[PDB]
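1. just the first chains of my complex for now:
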Amino acid sequence: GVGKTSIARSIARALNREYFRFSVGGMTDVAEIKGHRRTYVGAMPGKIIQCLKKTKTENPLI
């Protein structure tokens, strides 16, 4: 609670590149970063692809 998220947001704003946070602690499913081959029904890509799509920029502050 030292404002790590807030300070990261502030540096993202100051540097002018789009901001985005990512929580990895406690995760076990590596597929969340890799998605699935798309052969599976309803398969979705890795969360980083979603981050890039939402941010709309190729140089966000992950």
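-> Perfect, thanks for sending it. Numbering: from 1, shown residues only, chains lettered A, B, ... in the order given.
2. which parts of chain A are helices?
-> For chain A, the helices defined by DSSP state H occupy A:4-15, A:31-34, A:47-55.
3. could you list every helix and strand in contact with the second one?
-> Using 3 or more C-beta pairs under 8 Å, 6 or more residues apart in numbering; DSSP states H and E as the contact test, the elements touching helix A:31-34 are helix A:47-55. No exception for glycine: its C-beta is placed from N, CA and C like everyone else's.
4. next, the buried residues of the helix it packs on.
-> A:47, A:48, A:52, A:55 (16 or more other C-beta atoms under 10 Å).
5. tell me which of the residues you listed is nearest to residue A:11?
-> The nearest member of the buried residues of helix A:47-55 to residue A:11, counting by C-beta to C-beta, is residue A:55 at 15.8 Å.
6. which residue packs closest to that closest one, ignoring adjacent ones?
-> Once flanking residues are discounted, residue A:55 sits nearest to residue A:18: 4.6 Å by C-beta to C-beta, 6 or more residues apart in numbering.
7. and for residue A:31?
-> Spatial nearest neighbour of residue A:31, chain neighbours left out: residue A:46 (7.7 Å); criterion: C-beta to C-beta, 6+ apart.
8. to the structure above, add chain B:
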Amino acid sequence: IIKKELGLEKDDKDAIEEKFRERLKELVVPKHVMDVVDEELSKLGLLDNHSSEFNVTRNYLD
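-> Adding chain B to what we have so far:
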């Protein structure tokens, strides 16, 4: 075509979606479990109805 055009489309996965929503309806759902249930329902919908991960999601939802 009779089944789909009549207006019953999107009724799929209702046994695992609508029935549980009704089951929760009578219950005064706290916000925490409400959002957890929404996330689990979304994961169930994304996953294919015939996979082990879908079965685990259904079991946790039940």
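9. the buried residues of helix A:47-55 again please, chain B included this time.
-> By 16 or more other C-beta atoms under 10 Å in any protein chain shown, the buried positions in helix A:47-55 come out as A:47, A:48, A:52, A:55.
10. can you check stretch A:5-21 too?
-> Going by neighbour count (16+ other C-beta under 10 Å), the buried part of stretch A:5-21 is A:12, A:17, A:18, A:19, A:20.
11. do I have it right that the last one meets residue A:53?
-> No. Applying C-beta atoms under 8 Å as the test, residue A:20 and residue A:53 come out as separate, 11.0 Å apart.
12. out of the buried residues of stretch A:5-21, who's nearest residue B:18?
-> Among the buried residues of stretch A:5-21, and counting by C-beta to C-beta, the member closest to residue B:18 is residue A:20, at 34.5 Å.
13. next, format the buried residues of helix A:47-55 as JSON lines and append distance to residue B:27.
-> Listed next are the buried residues of helix A:47-55 as JSON lines, based on distance: C-beta to C-beta, whole Å:
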{"residue": "A:47", "distance to residue B:27": "32"}
{"residue": "A:48", "distance to residue B:27": "37"}
{"residue": "A:52", "distance to residue B:27": "39"}
{"residue": "A:55", "distance to residue B:27": "38"}
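14. looking at those, spot the one nearest residue B:7.
-> Proximity of the buried residues of helix A:47-55 to residue B:7 (C-beta to C-beta) peaks at residue A:47, which lies at 36.0 Å.
15. with that, I have no additional questions.
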